[PDB]
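**Student:** take these chains first, placed just as they are in the complex:
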Amino acid sequence: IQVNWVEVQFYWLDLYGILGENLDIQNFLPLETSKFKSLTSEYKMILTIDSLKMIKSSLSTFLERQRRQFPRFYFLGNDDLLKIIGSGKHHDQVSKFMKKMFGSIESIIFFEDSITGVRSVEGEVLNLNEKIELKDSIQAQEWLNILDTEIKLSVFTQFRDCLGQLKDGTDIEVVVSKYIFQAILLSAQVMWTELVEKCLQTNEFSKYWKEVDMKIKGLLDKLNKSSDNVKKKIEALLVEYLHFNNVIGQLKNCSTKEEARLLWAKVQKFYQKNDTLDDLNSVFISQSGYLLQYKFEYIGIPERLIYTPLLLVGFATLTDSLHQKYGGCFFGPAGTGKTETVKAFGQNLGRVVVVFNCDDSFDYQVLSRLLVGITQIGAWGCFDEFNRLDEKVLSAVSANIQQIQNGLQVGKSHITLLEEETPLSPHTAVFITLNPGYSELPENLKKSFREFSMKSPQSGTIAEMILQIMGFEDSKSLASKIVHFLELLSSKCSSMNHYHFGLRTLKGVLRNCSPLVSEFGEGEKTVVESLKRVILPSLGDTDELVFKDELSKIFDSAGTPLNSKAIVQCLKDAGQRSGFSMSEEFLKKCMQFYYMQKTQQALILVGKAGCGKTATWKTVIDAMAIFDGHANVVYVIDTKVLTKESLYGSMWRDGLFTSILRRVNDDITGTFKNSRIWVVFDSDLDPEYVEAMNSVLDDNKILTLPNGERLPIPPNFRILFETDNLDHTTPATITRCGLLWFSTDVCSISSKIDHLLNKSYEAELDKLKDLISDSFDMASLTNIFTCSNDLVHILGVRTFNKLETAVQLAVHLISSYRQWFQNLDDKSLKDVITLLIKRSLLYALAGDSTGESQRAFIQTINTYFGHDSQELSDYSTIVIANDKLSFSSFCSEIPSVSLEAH
Amino acid sequence: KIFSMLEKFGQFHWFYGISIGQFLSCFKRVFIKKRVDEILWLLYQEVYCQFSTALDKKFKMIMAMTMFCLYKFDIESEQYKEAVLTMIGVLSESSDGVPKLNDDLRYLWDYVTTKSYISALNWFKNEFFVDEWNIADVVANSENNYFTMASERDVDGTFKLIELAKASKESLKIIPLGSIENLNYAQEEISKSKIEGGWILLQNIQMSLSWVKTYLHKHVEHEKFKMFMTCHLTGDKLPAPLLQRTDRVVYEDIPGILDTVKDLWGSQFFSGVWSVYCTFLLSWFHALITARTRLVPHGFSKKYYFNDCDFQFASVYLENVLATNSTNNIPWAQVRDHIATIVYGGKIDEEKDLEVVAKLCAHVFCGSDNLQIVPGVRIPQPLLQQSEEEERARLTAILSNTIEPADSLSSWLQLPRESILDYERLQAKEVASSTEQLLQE
């Protein structure tokens, strides 16, 4: 009962920290507190865990009131919320786990036991308007709400003094290095709206177009020599400065004032109220005549979407839907950018949209829990892929948002959602994205929702603006070339499952173009070479032919080879070290894997069974160790051999991957600080084994455990994958991880035979090796293997994969006669060698076939090895006499048997 | 034979399943009303008159033509059968040939030869079957107290039942469904009306289908008490025992465009003069696009549903545009773009249909000096010195003065006559093909 006693002790200590230490909270459930006190007294005097669980279940109303004090703390699970509540004086585990309440906010920079600033997930720092005193006796919720109000007012006052600095005439290069991205972004939006309105009061647009052009050039010139977080801020702000340039250029080209008024009404406009006494509600947004309220919530420096006209149309329809308190709905084919449109609309209003990824794993309870949380906070809830739920939970969730929207339209103060009365914030909105064509919105939801079918995004404009931000001098024509090439590839290549030539692939191309500029430069060559590095490995053979043809046709560059002779030499050194032979295709696959692992962390290697995946990545590992002089630590972990509890952990015993990650993170001996650590998942790809580690695959590079631990992953901790099929792999992970495809074996028959012979030798000796290698002549072997390929084999295995037996048996048989090789002639030795090789080829190639086919293959072997060689009879064998070996049959080996009756 | 035909009808759609006892009671109705040839003729008439109202218009025509074919096959000779089969073959474009010649046959020849597909399809109904049953005749001459009524979207028979509220002088209690509060309200009112009587209507039971699986299955001769259930023909499948225990009715949409304009204009109670004019133009545009929607292969590419929510959204947008304009310079391009792109064209995924909506908006919301809105009526712009009530009187007068022509599906909706002729050809072809597939088996 030791585990039960430990659990009772932990529960009693946690509940004492939650309720016993703090007063004026025991008046809600006096019976429950009395029962807890009696249980604590019994535990001190001394299975008692069921009663504590029942008490904590009956204390949900007190927990509900505690969550009602600060609803952001509602977002965490019950266990982690109790962990925070129990630590009422340490002020720990609060700042490390608020990314799930505040969305894009990670940690708190607190000094001298007081709040100084806050740190987002992307790394941006916000300094508060004033410090907040932190004391042990102060409860978590009070200072949490104080910090929330403080950061909102700090964002507001940073916006205000950014507006003051910009209206004073100061340059943007001095203010972009001081305050957060949100403040400078909103100040720029307000100033741009005012300036365009002042220019619309007249008929001139050229001089402010030139001013914002010089501003864009100034941001680029500050960008090219800035720090990483400042680079992120400048890129994110350059997105909207290019948008403002586009808007002003469109307004300048208008023939009449009607077109100018139309285009100005279509785009989003930002206004500030200069007379209201309120602070957070002093800035609104006009779009198509409709008004929306800025929330001044912190967002950080996110991935800013490029403002295409269809994005503004989505903004306009979402504003039109929210003007009359209707829900939002987007539907269409996957890849049109619906969820990102909702997120960009939310973060363009300075607020964070809570995203629910709808799936079969998401049950009714958690969905309704998050829904009542977001309707008691006032946040915006976006349901991604809503059509991925079972009928009962679909109906329940549909009724829930139906009554939420019914309360929102009628202006109800409170809502009886989920059979409890809850506050209904008037700023709560619900959006739904759908992927139909494989259902659709239910009738109750469709009576109070606005469905919008957003089209495929303008890939030309998006690619052009991304290239312009990246500094390419020829951006429009190059982006048109890239999108036309991707369209040609999607129209001409085969309809493979893993092929993806959408906007995600194009943005991956443009992201991978960034490390390559230091060795190729801002030009078409960088685009061509990154396009090769990220598109070529995933295609077949004829698909690579088509890729090369349209690459030489569309793009003007012919693909000059780079300087990589040293790495090729190290590769050949590793190949001759391990016995591998370097064909052109094996070298191609090795270089593709090497270039893919230069940038992408998680690699997938896909091909037929025994096509050469392990040899490819092991040869690359050896070559890189020789090239860099850097250590290797390889953990070959089969995915499907170990179960989910054993691979990661069961609620606490650490799983294998979690244990090795903790061991490499701790680094007690310091060996891992100067080594490259590799995990090879040499098994089938499982959704339940990969989707359990999404947070490792993305840019977060953090492993999340069931108990809540967040383990960092080092940059050299490179994951590999080794499967044979991709029919059970999600398209998200395919696009997330690098993908290498083995369309054809990386060997010849003779090369594999030579490697197997060398491995068997390593596992008169030189004369024997020469005789064995010379007897395996290629001219007869190729013909005899083509002949064996036409046979019928049970459990059909490729003849290539059969080679691992044919060599390994044959030499061993010769090894079995290593004591009978100094007492015979050369002709007898050659006959014995030929007979043993014939027997091994028989029982490796045709050994999985019928007796008649085995005899036919015996005849074929005897004809293809010539009549000069010793004929392998159908029942021949080699026996050992008292002095020398001899050739005989199995007829003399048969012992007569006598059996009794019973 | 008739019951085999009706079973084949019910095999196509879940709403048309017929029970044997229904047919036997229908046969008893023949002797109820007030020699073997007359009994057979009354059998055909009574079966059609009772079981037509549970079928949509296409299946009404298919059923009528199949009963006419069966009766004339038994009664008339072989030459009549060959002639009728040639008419069906040329209607379905399967067999060609002149009839072997009877006024009815030569009138049918005139209908088929002059490409009058609707007249050729309705000739059977006009000639053979005499009595026609509306909603009131179905509800009055039925011993069942529970009625299920189904229809397509963009139409609802509920107001018709409100009309029936004045037919029998009974109060109708309309219950919306979709929420737990509405579910409890519906259960309480059902338990009240099962004792105290009164007509109860349930609006769009479909999204409460699971609750239909829970309550009505456990719930299914009071005075002045009849329960009406309204669902959708295109919705989810209703339970079979619920459908068999309730009398099934199908309600059919109006054939007029001007009636839709008048119906929309009679519900706009207010705003100045320009708001009234914009609401009138919006009612006209909504009626025109909703009339064009029903011609699914030609008027559009798919079957969209522009309900009254789109009208409310567009009216709100026009009110907001007119409110924020003090110079009386209406941005016609702005409202055209927001209506053809965001309000009406938002749900449309195709490009040709979006171009159709854009062209309709450009024709309607052009804001010219005089808007010839159809080939019939031209609307002049409002003057600057008129009251709003005078404007409502003027617009009501100009709606009452105009007359809907017989070719309103072509002139008013701006479609070529060839498209309408091809649509009628496809409709008659599908009717005759279904009837052929019934008759050969």
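**Tutor:** Happy to help now that I have it. Numbers count the residues shown, from 1 in each chain, chains lettered A, B, ... in the order given.

**Student:** ok, residue 310 - how many residues close by?
**Tutor:** Picking chain A for this. 17 (other Cβ atoms under 10 Å in any protein chain shown). Backbone N, C-alpha and C define where each C-beta goes, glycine included.

**Student:** think we crossed wires, I meant chain B
**Tutor:** Residue B:310 - counted by other Cβ under 10 Å - has 21 other residues nearby.

**Student:** same question for residue A:317.
**Tutor:** Residue A:317 has 26 neighbours, counted by other Cβ under 10 Å.

**Student:** same question for the one 3 residues further on.
**Tutor:** Counted with other Cβ under 10 Å, the neighbours of residue A:320 add up to 25.

**Student:** CA atoms only for the helix or strand where it lies - export them in CSV, please.
**Tutor:** Here residue A:320, judged by DSSP states H and E, is contained in helix A:309-323. Extracted in CSV, the C-alpha atoms of helix A:309-323 (Å, rounded to 0.1, in the frame of the first residue of the first chain):
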residue,chain,number,x,y,z
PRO,A,309,-7.7,41.2,-52.4
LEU,A,310,-9.4,38.0,-51.5
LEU,A,311,-8.1,38.3,-47.9
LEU,A,312,-9.7,41.7,-47.8
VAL,A,313,-12.9,40.2,-49.2
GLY,A,314,-12.8,37.6,-46.4
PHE,A,315,-12.2,40.4,-43.9
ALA,A,316,-15.2,42.3,-45.4
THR,A,317,-17.6,39.3,-45.1
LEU,A,318,-16.4,38.5,-41.6
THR,A,319,-17.1,42.2,-40.6
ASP,A,320,-20.5,42.0,-42.3
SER,A,321,-21.3,38.8,-40.4
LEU,A,322,-20.2,40.3,-37.1
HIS,A,323,-22.0,43.6,-37.6
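
**Student:** so that helix, near chain B or not?
**Tutor:** Yes. Part of helix A:309-323 sits near chain B under the criterion Cβ under 8 Å from any Cβ of the partner chain, namely A:313, A:316-317, A:320, A:323.

**Student:** so which residues make contact with the helix or strand that comes right after that helix?
**Tutor:** Downstream of helix A:309-323, the next assigned helix or strand under DSSP H and E is strand A:327-331. Where contact means Cβ atoms under 8 Å, 6 or more residues apart in numbering or on different chains, the residues beyond strand A:327-331 that reach it are A:314, A:318, A:321-322, A:338, A:341-342, A:401, A:405, A:429-436, A:440-441, A:445, A:448-454.

**Student:** quick one: which of the residues you listed sit in helices?
**Tutor:** Residues of the contacts of strand A:327-331 located in helices (DSSP state H): A:314, A:318, A:321-322, A:338, A:341-342, A:401, A:405, A:445.

**Student:** where do the strands sit along the stretch 151-300 of chain B?
**Tutor:** Under the criterion DSSP state E, counting those that start in this stretch, the stretch 151-300 of chain B carries strands at the ranges B:172-176, B:199-203, B:227-232, B:247-250.

**Student:** tell me the contacts of residue 314?
**Tutor:** No chain was given, so I picked chain A. Applying Cβ under 8 Å, 6+ apart, we find residue A:314 in contact with A:330, A:341, A:345, A:452, A:454.

**Student:** other chain: chain B
**Tutor:** Counting by Cβ under 8 Å, 6+ apart, residue B:314 has contacts B:282, B:286, B:339, B:343-344.

**Student:** ok, now chain C:
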Amino acid sequence: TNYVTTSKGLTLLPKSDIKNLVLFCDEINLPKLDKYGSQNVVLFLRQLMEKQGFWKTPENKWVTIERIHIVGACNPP
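**Tutor:** Putting chain C together with the chains above:
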């Protein structure tokens, strides 16, 4: 088999010192595919037959196998 620690970390050894061991597996076709089209048993045997060892579940250590053989008889699929 016995767990010994002599060289190269842990090692699984046959109880006998001279005779090798053979892992007989009757009807290797009978283990069933999971919901995602894979058999745990044959991948375990592939790990034993190719990598010469296995990863243990409860304390995550690599066991090396040196003289244990694997045979199996099965009907056609």
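
**Student:** can you check the contacts of residue B:314 again with chain C included?
**Tutor:** B:282, B:286, B:339, B:343-344.

**Student:** which one of these sits closest to residue A:7?
**Tutor:** residue B:343 (60.4 Å; Cβ to Cβ).

**Student:** gap between that closest one and residue A:448?
**Tutor:** 16 Å (Cβ to Cβ, to the nearest Å).

**Student:** picking up where we left off before, who wins for most neighbours among the contacts of residue B:314?
**Tutor:** Counting by other Cβ under 10 Å, residue B:343 has the largest number of neighbours within the contacts of residue B:314, with 27 neighbours.

**Student:** excluding covalently adjacent residues, which one is nearest to it?
**Tutor:** residue B:314 (4.7 Å; Cβ to Cβ, 6 or more residues apart in numbering or on different chains).

**Student:** look up which helix or strand that neighbour falls in, please.
**Tutor:** Going by DSSP H and E, residue B:314 is part of helix B:308-323.

**Student:** which one is the residue in the stretch 651-800 of chain A that chain C sits nearest to nearest to, not counting chain neighbours?
**Tutor:** Per Cβ to the nearest Cβ, residue A:656 is where the stretch 651-800 of chain A lies closest to chain C, at 4.2 Å. Nearest residue to residue A:656 in three dimensions, chain neighbours excluded: residue C:60, at 4.2 Å (Cβ to Cβ, 6+ apart).

**Student:** same question for residue A:508.
**Tutor:** In space, and not counting its chain neighbours, residue A:508 is closest to residue A:534: 6.0 Å by Cβ to Cβ, 6+ apart.

**Student:** so that neighbour versus chain C, what's the distance?
**Tutor:** Computed as Cβ to the nearest Cβ, to the nearest Å, the residue A:534 to chain C distance reads 28 Å.

**Student:** what number of residues lie near that residue?
**Tutor:** 21.

**Student:** which element is it on?
**Tutor:** Element membership for residue A:534 (DSSP H and E) is helix A:524-535.

**Student:** CA atoms only: put that helix into CSV for me.
**Tutor:** Taking Å, rounded to 0.1, in the frame of the first residue of the first chain, the C-alpha atoms of helix A:524-535 are listed here in CSV:
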residue,chain,number,x,y,z
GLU,A,524,17.0,33.1,-59.8
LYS,A,525,19.8,30.7,-59.0
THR,A,526,18.8,30.6,-55.3
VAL,A,527,15.2,29.9,-56.2
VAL,A,528,16.1,27.1,-58.7
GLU,A,529,18.5,25.5,-56.2
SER,A,530,16.1,25.6,-53.2
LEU,A,531,13.4,24.4,-55.5
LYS,A,532,15.6,21.4,-56.4
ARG,A,533,16.5,20.8,-52.7
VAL,A,534,12.8,20.7,-51.6
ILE,A,535,11.0,19.3,-54.6
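
**Student:** residues touching it, excluding its own?
**Tutor:** So helix A:524-535 is contacted by A:474, A:478, A:482, A:485, A:489, A:505, A:508-509, A:512-513, A:516-517, A:520, A:547, A:551, A:555-557, A:559-560, A:562, A:592, A:595-596, A:599, A:738 (Cβ under 8 Å, 6+ apart).

**Student:** burial count for residue 14?
**Tutor:** No chain specified, so I'll use chain A. When neighbours are counted by other Cβ under 10 Å, residue A:14 comes out with 18.

**Student:** oops, wrong one, chain C.
**Tutor:** When neighbours are defined as other Cβ under 10 Å, residue C:14 has 16 of them.
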